[PDB]
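Note sheet for the following structure.
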Amino acid sequence: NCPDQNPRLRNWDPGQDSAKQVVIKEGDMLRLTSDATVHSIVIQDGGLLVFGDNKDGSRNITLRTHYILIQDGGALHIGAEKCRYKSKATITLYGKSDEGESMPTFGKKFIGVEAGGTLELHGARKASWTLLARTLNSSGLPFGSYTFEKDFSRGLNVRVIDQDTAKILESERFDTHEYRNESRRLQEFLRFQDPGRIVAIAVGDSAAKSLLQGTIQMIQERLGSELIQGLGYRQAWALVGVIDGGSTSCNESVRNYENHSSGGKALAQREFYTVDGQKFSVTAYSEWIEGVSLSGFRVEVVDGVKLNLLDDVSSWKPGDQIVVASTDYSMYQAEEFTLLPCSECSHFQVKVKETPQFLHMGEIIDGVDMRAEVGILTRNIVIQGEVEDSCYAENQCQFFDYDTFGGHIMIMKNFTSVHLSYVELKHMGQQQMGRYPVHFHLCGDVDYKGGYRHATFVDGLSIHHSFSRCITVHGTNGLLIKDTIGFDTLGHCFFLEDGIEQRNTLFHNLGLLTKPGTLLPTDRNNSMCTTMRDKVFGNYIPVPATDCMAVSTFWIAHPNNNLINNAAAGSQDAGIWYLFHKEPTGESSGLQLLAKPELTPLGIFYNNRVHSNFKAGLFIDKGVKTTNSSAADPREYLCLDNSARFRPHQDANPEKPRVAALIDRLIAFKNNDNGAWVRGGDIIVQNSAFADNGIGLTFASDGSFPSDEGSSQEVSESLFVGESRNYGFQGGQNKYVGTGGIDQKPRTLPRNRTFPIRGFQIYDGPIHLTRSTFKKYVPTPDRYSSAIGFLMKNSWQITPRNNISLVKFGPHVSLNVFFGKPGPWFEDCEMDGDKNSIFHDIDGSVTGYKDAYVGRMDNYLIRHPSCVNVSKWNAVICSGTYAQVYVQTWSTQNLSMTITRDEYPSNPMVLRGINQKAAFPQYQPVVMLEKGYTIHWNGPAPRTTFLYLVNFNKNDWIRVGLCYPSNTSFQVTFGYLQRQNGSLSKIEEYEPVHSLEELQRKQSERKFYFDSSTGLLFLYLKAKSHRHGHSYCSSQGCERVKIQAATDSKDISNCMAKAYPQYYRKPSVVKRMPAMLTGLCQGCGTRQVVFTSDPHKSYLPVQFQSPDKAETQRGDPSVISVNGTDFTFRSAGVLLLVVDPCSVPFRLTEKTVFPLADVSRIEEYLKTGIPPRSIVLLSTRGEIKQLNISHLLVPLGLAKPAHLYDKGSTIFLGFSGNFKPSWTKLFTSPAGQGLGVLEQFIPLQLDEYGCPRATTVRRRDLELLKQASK
Ligand SMILES: *[C@@H]1O[C@H](CO[C@@H]2O[C@@H](C)[C@@H](O)[C@@H](O)[C@@H]2O)[C@@H](O[C@@H]2O[C@H](CO)[C@@H](O[C@@H]3O[C@H](CO[C@H]4O[C@H](CO)[C@@H](O)[C@H](O)[C@@H]4O)[C@@H](O)[C@H](O)[C@@H]3O)[C@H](O)[C@H]2NC(C)=O)[C@H](O)[C@H]1NC(C)=O
Ligand SMILES: *[C@@H]1O[C@H](CO)[C@@H](O[C@@H]2O[C@H](CO)[C@@H](O[C@@H]3O[C@H](CO)[C@@H](O)[C@H](O[C@H]4O[C@H](CO)[C@@H](O)[C@H](O)[C@@H]4O)[C@@H]3O)[C@H](O)[C@H]2NC(C)=O)[C@H](O)[C@H]1NC(C)=O
Ligand SMILES: *[C@@H]1O[C@H](CO)[C@@H](O[C@@H]2O[C@H](CO)[C@@H](O[C@@H]3O[C@H](CO[C@H]4O[C@H](CO)[C@@H](O)[C@H](O)[C@@H]4O)[C@@H](O)[C@H](O)[C@@H]3O)[C@H](O)[C@H]2NC(C)=O)[C@H](O)[C@H]1NC(C)=O
Ligand SMILES: *[C@@H]1O[C@H](CO)[C@@H](O[C@@H]2O[C@H](CO)[C@@H](O[C@@H]3O[C@H](CO[C@H]4O[C@H](CO)[C@@H](O)[C@H](O)[C@@H]4O)[C@@H](O)[C@H](O)[C@@H]3O)[C@H](O)[C@H]2NC(C)=O)[C@H](O)[C@H]1NC(C)=O
Ligand SMILES: *[C@@H]1O[C@H](CO)[C@@H](O[C@@H]2O[C@H](CO)[C@@H](O[C@@H]3O[C@H](CO)[C@@H](O)[C@H](O)[C@@H]3O)[C@H](O)[C@H]2NC(C)=O)[C@H](O)[C@H]1NC(C)=O
Ligand SMILES: *[C@@H]1O[C@H](CO)[C@@H](O[C@@H]2O[C@H](CO)[C@@H](O)[C@H](O)[C@H]2NC(C)=O)[C@H](O)[C@H]1NC(C)=O
Ligand SMILES: *[C@@H]1O[C@H](CO)[C@@H](O[C@@H]2O[C@H](CO)[C@@H](O)[C@H](O)[C@H]2NC(C)=O)[C@H](O)[C@H]1NC(C)=O
Ligand SMILES: *[C@@H]1O[C@H](CO)[C@@H](O)[C@H](O)[C@H]1NC(C)=O
Ligand SMILES: *[C@@H]1O[C@H](CO)[C@@H](O)[C@H](O)[C@H]1NC(C)=O
Ligand SMILES: [Cl-]
Ligand code: NI
């Protein structure tokens, strides 16, 4: 099975001749056995070059070549998919851009597969990437590294160290030189110390002058010091001991004072273990150097740092490198680590050499899986480009101060077999077009539709520190990419080029640190986009937001592609970008689309993660300018064009039915702008969680009529979070930090500190927000945070069909909805869209009114006297029927429309139009059905106007009164406007009447009344045909009315001086009010309690509530919540829950509560009463003195009998069994302070627990993997 175990292989050894060219032709079945340096290698005519492997994995081979050119049946094998390569091989691609000559199709520094070429590489199978099963605070410690040093801190400097957490509890300086009162506060300091607290001391300047014998006795007693009895003048001394630890828990030293020097330091150092197995050393010192008396401490991690992971990583080896991602807004918080030899590590742990500088989440935070991804980079098959210490030549050096010209791999069409697996690709790619670390160029169908038995696959590579892209797909369908890692590369990491690439499946792939590039406009950052005008027209200055700044980790230029189990852990702009090309571009720019892209239904999208990005997590909009730079459109070719309207239909056929695009199990957090932006017709986002984003989710469509007739936009079974317990880390270019909304803690923020954080944004529509839950949305005095809101600075449409249903709000959600105010982010808040903000509360889950509509407070076109003023939301709650009217005006530009309802004439609405850049500006206010309005202008009357009835049911109607000069003839026509072909069908004319009263009798007749006194052209707008679903227009078209005026009066057509109070009617109520219902519905919210990226493993949400003294007086109980079960208890004592770890849903086998009296009986029950393999949940309440259980916690998980002590409450989660999980934890506190509200997540049905495998765990992801294969 092995390719090197081929007997026909000759052993090869060419030498070190950088000018020796090599050609492997027919019969040349060579087996490389030693390091080599040749100019080139060309494998052709059936030649074979296999790397020689060993049964043990020791033969380190390093090839070095200007290039390798595989073609015409030639083969290059480094192991086989069945008999994999075991030693460490390396192919170094060298040669500068301007050194020697270059190839025609290829550049230099490459490995190039051609037609019929065989490139077969298969490295050592390792584990690609998993998640942190435990968090990792900076500097390796739970509460961080302490370093201190100061000159002339005279006296006895003291520090206390929590023996379980290595936290600095107290820091004090007792001037036992001058003041005898100080040697007295020092002795009383050591009397009230908890036993077992690590203590360190260091003489500052000169102690031993006012020091008392009662204190020197206390030091010898509490800490086991043998030398304190004889401290002297200007004598340095440092100690590190354990309170009540006897003499053997102590380590001390001393130095004399001679010739103004101590001849060296006086160091005291011991090692301890956190209760988490992490080792740390407490260090203290005091010395004299030529006169200075320094004194310092250092509490730091020692013997490497032990990391916790989700899955088994036994395949990782010392001397290999890994990477831990950012769990904060700045992607530059990802870090590199080198694996230490660890004999004491389990299957879910390794040891890293370095000290972490940042914070990396390893827990599920408030139901959102914020665990940091962790991936291995070192392989045994390496293909690397040779680079320089700094930039050179015209390799884009004004932007990069380093070499950006490495190697690249390139595979042409009609090849034989490409199968790359477990290969390391360092310093690959060039800043030249087509030169990418793995470049599949125009290969066509490469699966069962192209003729490949083994579909061409890329399995678990490692492409890091590359100079352009990571893997590029150039006009290739059906490719597979699996378990691959792309780190610190330029331009879009994973790249779908021309927008024709379909059937490609991306499974469980990871991408970090996607930095700006210089290739495409979309790849450039703000500085590069304003510089490279070499491809723009004339003196045009490119705009860096509308044409560039589109750096994405996953660039999907076509939707028919399957994205599963991936994770975009950081990017300069976006994490996953789905976009659409109007017609094929690039080198594929030519063949006609037989299925235009923005009509093709989305492939699979299931269980993805996106975080650490500045512009978006998942983005679905925009296109590429499919035209070169010209005089009518000077934008660069392939820049960003916001004129793409997704609208998926069957077979990409707009005459055929709609096909919804499913966004499933998206997890997205710590994004600076949007968590997800999705536009078009028929999109359903479900089972998704959004957290710590500036805006959680936004649904778009079009600004006038929807991009696809009948466009529903659903979000169901989702979860939103505002400011979770992921306080982030103020570092790694984290540009924003502020005050939390709830706890008012220092945390990192997405944008400026006054940005109103938002959960869901309403825009365009029609949008169905259902069965979703919002948590932790509190505003600060700076910003107006809210759960549900609207898009800022909106001027377009908003429909009253946007309904929010079955939504649940958390206890820390103070502002359910908000409509904006004049401020820094809303500006006027006075544009055409801001004024017409509205949604529909179907069931009464948002406002407490079954079937009620909500809009902005000062919008008087929707108000009847039964409404409820709401000032906090800046809104108003009412009920009725509502639609919209679109008013197009010609002949007059920059015109501002003023429309008023008769019933509230003192409250008109001045609109400013929609096309203040085009020639046909329309105005789109929202109205209440079966009412009368009037319209007036800030200028002369338009000679032609169209009235569209949008969202009208049959027989729904309003009366309208247009202001015209007293001197006008009219000609009014109705018709059905067919959206498809611009034709007007079934046209009817209007006939005048004598009075407003005669037209009222003829309400369903095509009649109009003109009041020459006021100038009002009255008529009735009534719909004849029916609607269907959510389409804005009727069955037989978009009903519209056309009014052709004939006048020469240039006067401001504003009749309100004359129209009222002549046509005033007393305000009435068509649809009356219900009553409130503060008390949530049964069913409100999302069914799922926790959203993880391993949906197959069931996670048990557990939540505690241990009040304090002011709350125990006020009566608040102590509660242990399990999946939503409040096991309440208020007696002073202990509540112990025994949960079966194999039951899903959980089966709690025993609940027990121990009073303060029978506290002594918990010793016994813990020793025996706990069934084997049983999850222990335990929380106390009140002053519990002497809990002789400090030692009884270790078999359940702990490392050493930690010290709760005193009378403080405690909370513990453990396991009675052989295994010792990573989630086991403990929370101690002083009495009366309590523990507040914490939240843990316990996985269930793990084979570590000792549970049987009832059935095979239904991995829904892998089912989508085998379905999309064939
Ligand atoms: C329908 O009725 C309106 C209203 O006319 C009313 O009744 C008469 C009796 C007068 O009292 C008016 O003041 C009332 O408002 C008519 O509008 C006015 O029409 C008259 C006659 O056409 C206009 O008087 C002229 O105005 C000229 C100014 O406009 C000219 O100059 C500009 C300058 O650029 C030029 O661009 C434009 O094309 C015009 O040619 C003025 O030069 C001239 O000497 C004469 O006085 C009066 O100005 C009109 N009002 C306004 C606001 O313009 C309508 O004309 C009438 N319909 C039709 C079809 O005629
Ligand atoms: C804007 O300018 C860019 C250049 O900066 C320009 O891109 C060029 O487009 C042409 C499109 O024809 C590309 O030419 C192709 O070259 C490949 C091989 O290199 C050929 O195989 C292609 O022909 C195939 O397609 C035909 C149609 O089916 C078949 O009949 C034929 O037999 C072949 O199968 C094609 O000739 C050219 O490579 C690019 N160049 C670059 C640098 O991208 C772009 O077209 C300009 N914009 C517009 C709108 O034209
Ligand atoms: C633009 O596209 C629109 C949508 O395709 C066109 O809309 C029109 O919509 C009406 C609906 O009110 C269609 O009415 C159809 O009526 C036929 C009945 O005719 C049948 O019988 C006669 C024999 O008497 C036969 O000659 C016909 O071919 C039919 O077989 C029904 O079968 C339909 O279900 C439907 O009710 C119109 O047909 C339809 N127009 C067309 C051209 O189909 C709009 O007309 C288009 N405008 C332009 C300018 O092309
Ligand atoms: C914690 O509490 C949660 C409360 O929501 C639990 O989550 C849900 O628990 C219910 C328990 O009834 C599960 O319902 C199961 O559904 C599966 C699958 O059938 C589904 O599909 C069919 C149609 O094919 C439909 O008719 C069913 O109603 C289901 O919707 C069945 O095999 C079971 O018999 C049972 O009906 C939910 O599926 C589950 N929600 C999920 C998994 O998202 C949770 O289990 C509790 N325990 C934990 C988290 O450990
Ligand atoms: C490790 O993670 C923890 C948890 O987020 C971080 O702990 C926080 O550290 C800050 C230090 O600036 C504490 O602020 C101060 O705490 C003292 C002691 O109670 C208090 O008297 C001050 O008023 C101030 O609040 C903060 O309390 C603490 N978190 C909590 C919940 O108390 C820590 O910063 C992370 N990193 C390291 C290196 O420890
Ligand atoms: C790749 O090679 C195949 C095989 O030669 C080409 O497929 C065609 O296969 C049919 C089978 O009946 C032959 O009759 C044709 O002569 C083959 N060639 C052509 C041009 O049709 C295929 O065209 C090749 N593709 C490329 C891009 O070279
Ligand atoms: C938003 O509300 C509209 C109107 O209330 C809903 O449209 C109704 O849908 C039902 C189907 O369940 C139809 O039977 C009714 O005829 C529709 N019109 C009504 C009640 O006036 C719509 O389903 C809601 N959701 C969306 C996304 O539009
Ligand atoms: C309700 O709010 C509007 C908005 O300004 C205000 O004009 C009106 O007086 C208020 N009425 C009541 C009864 O609060
Ligand atoms: C429990 O521990 C305390 C230590 O504070 C000790 O005094 C007491 O005697 C212990 N309990 C029993 C029953 O000995
Ligand atoms: Cl209970
Ligand atoms: Ni290519």
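Quick note on naming: the chains in the structure tokens go A, B, ... in the order shown, residues restart at 1 in each chain, and ligands are numbered from 1 in order of appearance.
All residues of protein, DNA or RNA that reach within 6 Å of residue 348 (chain A), judged by only C-alpha atoms and not counting those fewer than 3 positions away in the chain, are residues 308, 309, 311 and 312 of chain A.
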Write the residues you've just listed into a file as a short mmCIF file (atom, residue, chain, number, x, y, z; two decimals), in the first residue's frame, and include N, CA and C atoms for each of them.
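Written output follows (selection-v8.cif):
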```cif
data_model
loop_
_atom_site.label_atom_id
_atom_site.label_comp_id
_atom_site.auth_asym_id
_atom_site.auth_seq_id
_atom_site.Cartn_x
_atom_site.Cartn_y
_atom_site.Cartn_z
N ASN A 308 -6.85 23.22 29.23
CA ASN A 308 -7.94 22.26 29.15
C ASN A 308 -8.62 22.37 27.79
N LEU A 309 -8.84 21.24 27.14
CA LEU A 309 -9.46 21.19 25.82
C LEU A 309 -10.68 20.27 25.84
N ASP A 311 -11.73 17.99 23.27
CA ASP A 311 -11.51 16.67 22.69
C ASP A 311 -10.09 16.20 22.96
N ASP A 312 -9.82 14.96 22.57
CA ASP A 312 -8.53 14.33 22.84
C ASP A 312 -7.47 14.86 21.87
#
```
So which residues touch region 338-344 of chain A within 10 Å, counting only C-alpha atoms, skipping near sequence neighbours fewer than 2 positions away, as a list in words?
-> residues 277, 303, 304, 305, 306, 316, 317, 318, 319, 320, 321, 322, 323, 336, 346, 349, 350, 351, 352, 353, 354, 376, 377 and 378 of chain A
Surroundings of ligand 8 up to 8 Å, based on only C-alpha atoms and all ligand atoms, as an NGL selection string = :A and (857-858 or 868-871)
Residues of region 902-1073 of chain A in strand (DSSP E or B), written as a PyMOL selection string = chain A and resi 904-911+922-923+926-928+932-937+944-950+957-963+969-977+984-989+991-992+1007-1011+1016-1022+1034+1037-1046
Could you report the residues within 10 Å of ligand 4, using only C-alpha atoms and all ligand atoms, as a count of residues only?
-> 31
Given a cut-off of 10 Å, what residues near ligand 9 show up using only C-alpha atoms and all ligand atoms, put as a list in words?
-> residues 1160, 1185, 1186, 1187, 1188, 1189, 1190, 1205 and 1206 of chain A
